[PDB]
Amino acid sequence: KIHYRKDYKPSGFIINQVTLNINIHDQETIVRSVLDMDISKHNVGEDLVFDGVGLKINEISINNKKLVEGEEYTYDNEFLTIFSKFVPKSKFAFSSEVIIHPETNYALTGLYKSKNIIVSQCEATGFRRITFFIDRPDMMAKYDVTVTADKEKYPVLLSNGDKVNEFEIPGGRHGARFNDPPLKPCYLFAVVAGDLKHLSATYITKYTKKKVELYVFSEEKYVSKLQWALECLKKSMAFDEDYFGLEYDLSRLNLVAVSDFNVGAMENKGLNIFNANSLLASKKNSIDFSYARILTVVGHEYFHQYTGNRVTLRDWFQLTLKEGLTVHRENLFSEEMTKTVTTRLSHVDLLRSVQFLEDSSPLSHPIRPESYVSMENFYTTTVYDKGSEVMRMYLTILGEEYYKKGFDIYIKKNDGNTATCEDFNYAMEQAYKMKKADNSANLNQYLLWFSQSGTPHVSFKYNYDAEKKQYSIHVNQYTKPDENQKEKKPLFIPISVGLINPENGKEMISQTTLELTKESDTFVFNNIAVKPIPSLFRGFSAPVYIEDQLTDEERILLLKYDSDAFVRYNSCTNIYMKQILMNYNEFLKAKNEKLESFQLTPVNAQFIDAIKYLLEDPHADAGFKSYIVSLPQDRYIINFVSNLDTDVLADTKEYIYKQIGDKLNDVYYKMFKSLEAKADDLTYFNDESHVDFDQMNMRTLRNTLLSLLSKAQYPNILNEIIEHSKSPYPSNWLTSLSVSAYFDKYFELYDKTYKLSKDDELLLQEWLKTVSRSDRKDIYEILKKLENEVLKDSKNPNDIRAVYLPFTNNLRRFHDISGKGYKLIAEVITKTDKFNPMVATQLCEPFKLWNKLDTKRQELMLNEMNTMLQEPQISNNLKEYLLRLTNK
């Protein structure tokens, strides 16, 4: 069935109260539910239809009168239909008892068992897997929930709201009752049972001085990995108070880590549930990336308490209103917490690779789609990450003061209610009116950001009149037509700009945001004393393809002297791309024409000199440095090449890296050595509350340089690699494994690092990733070893994603012209689809670019997708996804 956004209509029913009784046993879980219901003003005498998937019915009733199957109701394992003649015309009670079995629920939706923890996941439509309901977010109800279980196995019982009773039960059981009076949609319901251990703290809110209890839970083995999470939660609460003036409204907040989770985490009210890899960390057992990851995910689920939980969604088409907005809120938070420019750079880096790829694929959709089939496939980088950039542009346009005003208007007006993207734009518009000082102003055009798919292209031409001291920036925007709009309308594009004096590097104008609202415009500046170099889209101010039309000379000057990290980083990116495209074509022609000899355009020497200049600058940022010595991501590059031959691209990258290494390897080595003291400083190694994002960026830089030096076979670098493997930091000794791929000691470090990793569940997964991404010619043989010795038949999504996804980024090997890499991943997708369709669809990610490759590889990928589509037992999720991806 296809759901269309235009078809939204309120229910003919109301659910006012939910009373749950969840009885957990070894071989089954019994769920008793009483729904206190009413007839709505929209009711037209229709049948009462509940969602209910995979439920085993013991009995159902209306007003304590048992209903009988066939006569008064039908159930088809998806919908419970109660014929209208048996539906009361006023307030009534529907009750039911069903059996479900979390033990065998490997799809990790609804109620399921993760190791020895019983946990729910109800977003988007998982509650219907637990009991009958009108499973949609505009059905707001009160919840009274009792959980019972064997006490020895499940001593900790959690649900939403206040725990209002604890009690013993004959036969070694207990129960706990939780009452949550505020209305909520069912996707925010959660329940957890297990032998959980915790850390806790008390937080006192800023304005009302309410005491909030904070609890972070895990299995006993990993309780020592809980501290950073608790710190991140405190940080999150403070930020929402300090930036947005928003306090937590409940007595208690629980964070719970489970080993089996489809995504990073879930914002269930008062009971946030996490993939263990996004909550747990220790400096001995985690790589550096875990620390920013936990900060991000804890912050994200916390900021949902307002943007998603207190202000909720009318329908699922509004998903970006809570996800784009909460990602934006988490980005503000993380940028403030890390104080490094690489935080913003890493987001943009992700958007322009992964999200830009999606938006030019057959899967392209606006951040508010017009239709869906599978809600489990709806949670896309477009909705999230382009969503966040669309939410961030409001702040760019309004500035901090008026943005905060608009945001607070949004919260005060919609608190405790459902909302739509329009409601948010409305609130922002009010601020916009105030800022520009006339109620004539509006943001009507801004709405196109929600409805129009595809990535806009923004291009530039310049003019300078030396005599007039007059400078002009001519701007053009265009979006390519696609399956969603035949004609693309001009968007409201805010362009943050500076003008750099090339002679002294100084700023020539104050902060300026150009408001491009037409297909094209000319922006003129007077009293510009000398010809500037324009600094365009500072902070990456709009989610677009920037075509700056600058010379490499200008870009080099920006890279060295501009004030904005993104524009510096983009100027470097643009220099690299021009080189890549040129060398790519040179290699391609040599291949196509089978040339015995040919020439390659060398890398710009002044560019190499600029890299050396920045690398040697003691005051420059280590994280920024690691970006400039890295070529743009493959998935960013592919946006710019038709019929991309991945082998030719691999040769192109190789040539360009070798060119730069031949000049800078001695600089690289020197820095690798000089950075060690501060990068690997052990002073705070046993203090889990002390996280230094600069220090971690130094380690990133070292590990990046070590990688470059190892590939280059720099003289005696293997010595450094071996010493690096003795480092206490997993980022370092896991790095030592992947860079040793180019030496005969690879399998020695393989075993060494495996032994270090094997007794921590999450570290072992990082080890798996490191092996998976190792640049090995025998990588297929290595993967088979992983399968037989470590992965086996694990249904843990973390294990499966760790073993295979990094490998799919191996440009040379995954895309082997035999198609064997395509064959391998499709075998994994099909296998995984039997028990977890959501994760199987995640494992399809490599195929998203299939129609962008050379015609041979297109054919190879398409063959594997058609093979998958032909599987008799294909899930709804996977079928729908592959049908859209192959334009069927």
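Residue numbers run from 1 along the displayed sequence.
Per the entry, where is the mean C-alpha temperature factor higher: 126 to 134 or 677 to 685?
It is 677 to 685 that shows the higher mean C-alpha B-factor.
Mean temperature factor over C-alpha atoms, higher-scoring stretch between 638 to 646 and 293 to 301
On average, C-alpha B-factors are higher across 638 to 646.
Options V544, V191, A529, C186 - largest CA temperature factor per the record
It is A529.
Among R368, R538, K469, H328, which carries the highest Cα B-factor?
By C-alpha B-factor in the record, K469 ranks first.
Should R884 be placed in the lowest, middle or highest third of its chain by the C-alpha B factor in the entry?
Its C-alpha B-factor belongs to the lowest third of this chain's values.
Taking the entry's C-alpha B-factors for this chain, is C844 in the lowest, middle or highest third?
As the PDB entry reports it, the C-alpha B-factor of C844 lands in the lowest third of its chain.
If you rank the chain by CA B-factor, which third does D833 end up in: lowest, middle or highest?
Lowest third - that is where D833 ends up once the chain's C-alpha B-factors are sorted.
When the modelled residues of the chain are sorted by Cα temperature factor, does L35 land in the lowest, middle or highest third?
Answer is middle: the recorded C-alpha B-factor places it there.
Going by the CA temperature factor in the PDB record, which third of the chain does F274 belong to: lowest, middle or highest?
As the PDB entry reports it, the C-alpha B-factor of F274 lands in the lowest third of its chain.
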